[PDB]
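# Kindly generate the corresponding structure for this input.
(one chain, ligands or ions: 1)
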Amino acid sequence: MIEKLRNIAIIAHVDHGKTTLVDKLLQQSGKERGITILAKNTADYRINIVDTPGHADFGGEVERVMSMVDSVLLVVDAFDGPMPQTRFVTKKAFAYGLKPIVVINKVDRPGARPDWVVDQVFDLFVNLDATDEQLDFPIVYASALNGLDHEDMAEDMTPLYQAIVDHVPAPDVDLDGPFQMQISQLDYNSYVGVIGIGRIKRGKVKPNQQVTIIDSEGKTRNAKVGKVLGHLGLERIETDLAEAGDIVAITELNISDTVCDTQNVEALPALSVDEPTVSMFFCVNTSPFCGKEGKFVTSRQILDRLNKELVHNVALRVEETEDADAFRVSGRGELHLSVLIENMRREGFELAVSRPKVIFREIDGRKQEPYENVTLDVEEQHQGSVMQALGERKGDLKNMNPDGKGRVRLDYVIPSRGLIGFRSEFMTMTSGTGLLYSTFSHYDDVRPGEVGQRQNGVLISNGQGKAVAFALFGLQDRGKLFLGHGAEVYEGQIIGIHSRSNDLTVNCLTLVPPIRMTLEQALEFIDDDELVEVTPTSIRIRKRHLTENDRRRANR
Ligand SMILES: Nc1nc2c(ncn2[C@@H]2O[C@H](COP(=O)(O)OP(=O)(O)O)[C@@H](O)[C@H]2O)c(=O)[nH]1
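Numbers count the residues shown, from 1 in each chain. Structure data below:
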């Protein structure tokens, strides 16, 4: 049963499908796909074959695919050869010691050239070390509708069979002991819940069987389970090990998230660089515009929506709270999350989100909060205020190579927790002639001393009427304003900033041009108490508490 298992993956050249071969090899029972096509054969070898995508999504997609398999397959046109659509995977394929299997496809073509293509699939195949292969054999020559070189050439359908059982081994994993499995792939359905798919590392799995989740500590229960056969994932009572076993009704559930039994077990590692860096709660809009401007409010629409992204987004991680109408969403970047928000924003979603709290994950002893490699380019007299603010952000400098044309380029290493806010007043210090983006680098020990705050606070309001020049031109002698003449806010909606740490509960009812604050500039601003309402039309900045005594209430 288990020593006849062979877990492989295929790489689609330009030409998509490979069936041909993917297909016809359903030849003993048993456009397009794809996962996982587990043929069945003896002259019984179950062979789960996971199709690595022709594309590359993002944030560590394909490396996660070969976390299941122990070897690979490479389809290459005999007319043409291998391409950049193959150079994407194969590189990451050899990263784990995966012995390849080369397939010269299309052999029957009149413009085909076998041993030249082989000679290309050597030279553009070794440059990336290995270092074996060598063999690398494999080295089959295969038609679709199915006399040169290997063999050749009987029922060019069984030769490939040899290759798999001969050179691909069975997954070295323990049948017995307490159950363990790491989720490799992920998908969702409009009334399943989340769905697993993976590779059984330890033990065996009963369909109605309690379990635990890992990286955190949830003890969610199991309900249903399913095997794969043909292009279908077909239900099964119970499955052992080493298979592409597909599973439901657990939770949330995530990519990389490990999960084993409940007795004597836990856990599973292997990130590797998929784990997120940032997080913020996603809440259904409870503020005074509940279904006004927008068209998706009921929590299980949002939930539904977030899950659907967790198929595409491999660099995303969504977990569910004690509170029903709220979800801690986390991703490998603040910019990677704002995508999800503003994309959802203009699908017509009314929801709100909490402040970007950093993922203070841990690597050996020190609680290593993440850092990033900043690059910023500014006019010279701005530099004084630029440098100044960053040495207060616990942002270490690396190099500042001056171009000598009236500008300077500055290059820092800054902590994530202290990058929150700066791209507002970088654009205010430089007055627009400051241009900066950046990139995530790695986590580092404590800053230390949490100093990623902002302050002062802002001006909170106390009525649902419209803002008037009779109140705003006076209230703006406390500080700058987020609204102008005429707009109906509510009790809670921060309509501006004070000049000092004071929060105020003012009246706009009884002018300077205001501040056009973006989605990003709202999130990367709010305090831990406050929240950002995001309708599909405008953007509001509420507090979570709406009045001047309701504020004083929660303060114990
Ligand atoms: N002559 C020849 N043509 C092939 C062979 N394999 C595929 N093709 C052609 O190339 C195209 C790509 O193969 P296909 O089976 O469509 O792969 P799919 O994208 O997985 O369906 C098909 O339209 C076939 O007509 C082969 O072994 N010999």
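
# quick one: the helix or strand in which residue 460 is found to chain centroid distance?
If you go by DSSP states H and E, residue 460 is part of strand 459-461. On the basis of CA atoms, centre = their mean, to the nearest Å, strand 459-461 sits 36 Å off its chain's mean C-alpha point.

# After that strand, which helix or strand is next? Please name it.
The helix or strand immediately downstream of strand 459-461 is helix 469-475, counting by DSSP H and E.

# that older thread, for the strand holding residue 460, give me every contacting residue.
By CB atoms under 8 Å, 6 or more residues apart in numbering, the list of residues contacting strand 459-461 from outside reads 475, 478-479, 481, 489-498, 503-508, 543, 548, 551. The C-beta positions use only the backbone N, C-alpha and C, and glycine is treated the same way.

# buried ones in it?
Going by neighbour count (16 or more other CB atoms under 10 Å), the buried part of strand 459-461 is 459-461.

# need those residues in JSON lines with distance to the ligand, can you?
Shown next, in JSON lines, are the buried residues of strand 459-461 (distance: CB to the nearest ligand atom, whole Å):
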{"residue": "459", "distance to the ligand": "61"}
{"residue": "460", "distance to the ligand": "60"}
{"residue": "461", "distance to the ligand": "60"}
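
# List the contacts of whichever residue of the stretch 101-250 of the chain sits closest to the ligand.
Nearest residue of the stretch 101-250 of the chain to the ligand, counting by CB to the nearest ligand atom: residue 144, 3.0 Å away. Counting by CB under 8 Å, 6+ apart, residue 144 touches 19-21, 24, 105-106, 108.

# do that again at 6 Å, thanks
Shown in contact with residue 144 (CB atoms under 6 Å, 6 or more residues apart in numbering): residue 20.

# where's it, which helix or strand?
Residue 144 belongs to no helix or strand when elements are defined using DSSP H and E.

# on that earlier part again, just the buried ones out of the contacts of strand 459-461, please.
475, 478-479, 481, 489-498, 503-506, 508, 543, 551.

# In which helix or strand does the residue in the chain positioned nearest to the ligand reside?
Of all residues in the chain, residue 17 sits closest to the ligand, with a separation of 1.0 Å (CB to the nearest ligand atom). Assigned by DSSP H and E, residue 17 falls within no helix or strand.

# so who does it touch?
Neighbours of residue 17 in contact, by CB under 6 Å, 6+ apart: none.

# How much space separates it from residue 111?
Counting by CB to CB, to the nearest Å, the gap from residue 17 to residue 111 is 20 Å.

# got it, and residue 451?
Relative to residue 111, residue 451 is positioned 66 Å away (CB to CB).

# Just want to know which of the two has more residues nearby.
residue 451 (12 against 9; other CB atoms under 10 Å).

# Roughly how far does that one sit from residue 312?
If you go by CB to CB, the gap between residue 451 and residue 312 works out to 36 Å.

# At which residues are the helices of this structure located?
Along the chain, counting by DSSP state H, helices occupy 21-24, 62-65, 84-95, 114-126, 159-167, 299-312, 334-345, 383-392, 422-429, 469-475, 519-523, 550-554.

# Check what contacts the second one and list those residues.
Taking contacts as CB under 6 Å, 6+ apart, the residues outside helix 62-65 that touch it are 50, 52, 89, 92, 184.

# tell me the two of the residues you listed that are most distant?
Farthest-apart pair in those is 89 and 184; separation 15.2 Å (CB to CB).

# Spit out the contact partners of the residue positioned nearest the centre of the chain.
Computing the C-alpha centroid of the chain and ranking residues by CA atoms, centre = their mean puts residue 315 first, at 1.4 Å. Listed by CB under 6 Å, 6+ apart, the contact set of residue 315 reads 59, 331-332.

# same question, residue 203
Shown in contact with residue 203 (CB under 6 Å, 6+ apart): 177-179.

# one more time with 7 Å
Residues near residue 203 by CB atoms under 7 Å, 6 or more residues apart in numbering: 176-180, 261.

# Buried members of these into PyMOL, please.
Buried subset of the contacts of residue 203, written as a PyMOL selection, criterion 16+ other CB under 10 Å:
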select buried, resi 179+180+261
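
# got the contacts of residue 203 as CSV, with distance to the ligand columns?
Below are the contacts of residue 203 laid out as CSV (distance: CB to the nearest ligand atom, whole Å):
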residue, distance to the ligand
176, 39
177, 40
178, 40
179, 36
180, 35
261, 39
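
# picking that back up, so what does the residue of the stretch 101-250 of the chain closest to the ligand have for phi and psi?
phi -100, psi -80 (degrees, to the nearest 10).

# and the protein, which residues reach the ligand?
Proximity of the chain to the ligand, by CB under 6 Å from any ligand atom, involves residues 15-20, 22, 31, 105-109, 143-145.

# Okay then, goodbye and thanks.
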